[PDB]
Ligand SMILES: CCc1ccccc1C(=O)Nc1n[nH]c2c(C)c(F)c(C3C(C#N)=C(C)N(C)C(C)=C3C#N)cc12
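One chain is shown next in structure tokens, namely the form deposited without the ligand.
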């Protein structure tokens, strides 16, 4: 049984290809952390050590109320221990899959926190790492948190942008907006904007750029979504295009874009 300070490592929160994430618990106060364990032998084998090393150093600097905070890194000759903030409310996509669509006012609130987080990354993240929906979580207070814990791989019971699926070399921040578009749709509707049992038809839809907007959504939010999910990146919204929007400006806390 591995121990770090007063934190005793127990349950496995999520497993990725590079390593595992085990939840540790303070024995005295009951405070929880998330520890990403990265085996040296496994990551030398996958030849990704440098990339990870630099990702950690970058993350050390980060300071955002909606991105996962790295407290300290413990480096033993065999493993890397990344002690990070603990999240208790699981995935956002699982919450939507389980408890239906989100009330409009809450959909906006979560989306404001998410875009803020993506904006921080585009500003400070040196080499671009694409935003993935499975990396948007929820804390005890129902706030969105961006973390790489690999919960979607754990089992108990839209896919990619039009330029991504076309196989060309794409601009990351542009694909992130498209990715933020599907999340907003997921929030407001409870389903994914491009969805079909027949797979080749799914990609046709994504490349076609035509989707369904339910009658319960106003033109305002619909016209933001129609702008975020444009196939041609040259016409696709930027973060500031979203920030100047009628629907997005409403009840926006001024701290999210300082």
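Superpose the two forms; the largest set of C-alphas matching within 1.5 Å is the rigid core. Numbering follows the first chain given and starts at 1.
TODO: Check whether residue 158 goes without coordinates in at least a third of the other compared PDB entries of this protein that model residues on both sides of it.
DONE: It is, since residue 158 is left out of at least a third of the other entries that model both flanking stretches.
Task: Between neighbours residue 158 and residue 157, residues that the deposited sequence lists but the model omits - done: Per the deposited record, the segment joining residue 157 and residue 158 lacks coordinates for 10 or more residues.
TODO: Could you settle it for me: does 30 to 38 or 57 to 65 have the higher average Cα B factor in the PDB entry?
DONE: Taking the mean C-alpha B-factor of 30 to 38 and of 57 to 65, the larger value falls to 57 to 65.
- [ ] Look over 161 to 169 and 112 to 120 in the entry and identify the one with the greater average Cα temperature factor.
- [x] For C-alpha atoms only, the mean B-factor is higher in 161 to 169.
Open item on the list: Using only modelled residues of the chain, where does the Cα B factor of residue 153 rank: lowest third, middle third or highest third?
Closed with: For residue 153, whose C-alpha B-factor we compare with every modelled residue in the chain, the answer is the highest third.
Task: Chain third (lowest, middle, highest) by recorded CA B-factor, residue given as residue 224 - done: Lowest third of the chain for residue 224's C-alpha B-factor.
- [ ] Would you check the entry's CA temperature factor for residue 208 and let me know if it's in the chain's lowest, middle or highest third?
- [x] Within its chain, residue 208 is a middle-third residue by C-alpha B-factor, going by the deposited values.
TODO: Relative to the other modelled residues of the same chain, rank the CA B-factor of residue 231 and answer lowest, middle or highest third.
DONE: It belongs to the lowest third of the chain when residues are ordered by C-alpha B-factor.
- [ ] Would you mind checking where the Cα B-factor of residue 104 ranks among the modelled residues of its chain, as the lowest, middle or highest third?
- [x] Its C-alpha B-factor, which the entry lists for residue 104, ranks in the middle third among residues of this chain.
Keep in mind that the form solved in complex with the ligand is not shown, yet the notes after this line are about it.
Task: Blocked or open, judged by overlaying the ligand from its pose in the bound PDB entry and testing 2.4 Å from backbone or C-beta atoms - done: Blocked, since after superposition 3 or more atoms of the placed ligand lie within 2.4 Å of the backbone or C-beta atoms.
Open item on the list: Given a 4.5 Å cut-off on heavy atoms, tell me which of 104 to 112, 164 to 172, 145 to 153, 117 to 125 is the interface stretch with the ligand in the bound PDB entry.
Closed with: Going by heavy atoms within 4.5 Å, the stretch is 145 to 153.
- [ ] Work out which of 178, 81, 185, 86 lies within 4.5 Å of the ligand in the bound PDB entry, going by heavy atoms.
- [x] Exactly one listed residue reaches within 4.5 Å, namely 86.
Open item on the list: Considering non-hydrogen atoms and a 4.5 Å limit, does the ligand approach residue 21 in the bound PDB entry?
Closed with: Yes, residue 21 sits close enough to the ligand in the bound PDB entry that at least one of its heavy atoms falls within 4.5 Å.
TODO: Give a yes/no on whether residue 34 approaches the ligand to within 4.5 Å in the bound PDB entry, heavy atoms considered.
DONE: Close contact exists here: in the bound PDB entry, residue 34 approaches the ligand to within 4.5 Å, heavy atoms only.
- [ ] Determine whether any heavy atom of residue 68 comes within 4.5 Å of a heavy atom of the ligand in the bound PDB entry, and answer yes or no.
- [x] Heavy-atom contact with the ligand at 4.5 Å: present for residue 68.
Task: 4.5 angstroms heavy atom contact with the ligand in the bound PDB entry for residue 137 - done: Taking the distances in the bound PDB entry, the answer for residue 137 is yes, it comes within 4.5 Å of the ligand.
- [ ] Could you list the residues in 1 to 31 that come within 4.5 Å of the ligand in the bound PDB entry, counting only heavy atoms and keeping sequence order?
- [x] Heavy-atom contacts within 4.5 Å come from 13, 14, 21.
Task: Answer among 202, 192, 49, 222 for the CA shift between this form and the one not shown that reaches 2 Å or more, rigid core superposed - done: Per the superposition, the moving residue is 49.
Task: Core superposition between this form and the one not shown, C-alpha change of residue 148 at least 2 Å - done: Residue 148 C-alpha, core-superposed: shift of 2 Å or more.
Task: CA-CA separation of residue 151 and residue 94, closer or farther in the bound PDB entry than in the form shown [shift of 3 angstroms or more] - done: It is farther: in the bound PDB entry, the C-alpha atoms of residue 94 and residue 151 lie at least 3 Å more apart than they do here.
Task: Closer or farther in the bound PDB entry, the Cα atoms of residue 148 and residue 120, when the shift from this form is 3 Å or more - done: Compared with the shown chain, residue 148-residue 120 is closer in the bound PDB entry.
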